[PDB]
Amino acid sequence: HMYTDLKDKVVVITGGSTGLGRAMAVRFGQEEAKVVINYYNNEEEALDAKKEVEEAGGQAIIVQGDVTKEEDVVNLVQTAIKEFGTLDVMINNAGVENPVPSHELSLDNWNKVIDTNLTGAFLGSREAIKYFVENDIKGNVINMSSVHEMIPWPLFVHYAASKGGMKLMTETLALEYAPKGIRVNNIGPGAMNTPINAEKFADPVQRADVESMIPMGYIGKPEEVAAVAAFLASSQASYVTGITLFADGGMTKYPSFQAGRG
């Protein structure tokens, strides 16, 4: 397989039962890693994810946890260490979103997205780094961001804020822990073919509309994001820290400006 240094590395993935999280679990499974699949409520998908990793060539366990609960995040990293012996790669992937005019967005709804998307990533990143520091491991953090750490998003001001914060969070932790050989990076996916977008992409006018904002002309396959995660996690990215690697088919390049418009 591709990245041989990933063999038997322990990888924790939050929201890892579906979409990008699942595709990442499978890919790390293809690299013969030991994957810890976090999930919120749907146990059966997690169990399904677990079997793919096994079938792909990897070891895997599943662990229930809500990333807005500190104890769950703490339990997740502890369970990983308990079961597999260590922790090598931490992937904070869980996220929620919903459209609301910003002047009508409730505090509770704002908080839910901030707590889940940003705070949960802080908690995950903290617990992993704590462990790498205490055990002198040159570990790796991957935080799942979005093109929306750069692209503003009307109706999604909570989401946009959460990823803008995630960017400075990541860049801070990378600077802080770079002297310990702990690397910290973001991935910035564009429009991806995942369960949350599977509704949106039903309407063929909606699918076309979204595709019109992707310069490469297609909605990303989750495996294309998982490829970026495996690269970033590997010793191939040894000198890469504090970055956001956008995998968006050009979406951050301002799709309205194609053909010399403007």
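For every residue, the number given is its place in the sequence shown, counted from 1.
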ask   = Which is higher in the entry, the mean Cα B factor of 223-231 or that of 32-40?
value = 32-40
key: Residue range whose averaged C-alpha B-factor is higher in the record, 113-121 or 72-80   = 72-80
note = Top Cα B-factor in this entry, restricted to 92, 135, 146, 170, sits on 135
ask   = In terms of the CA temperature factor given in the entry, to which third of its chain does residue 139 belong: lowest, middle or highest?
value = middle
task = Please place residue 128 in the lowest, middle or highest third of its chain by C-alpha B factor as given in the entry.
result = middle
remark   = Among the modelled residues of its chain, the C-alpha B-factor of residue 178 falls in the third labelled lowest
request  = Could you look up the Cα B-factor of residue 99 in the entry and say which third of the chain it sits in: lowest, middle or highest?
outcome  = middle
request  = Sort the modelled residues of this chain by their C-alpha B factor and say whether residue 87 lands in the lowest, middle or highest third.
outcome  = highest
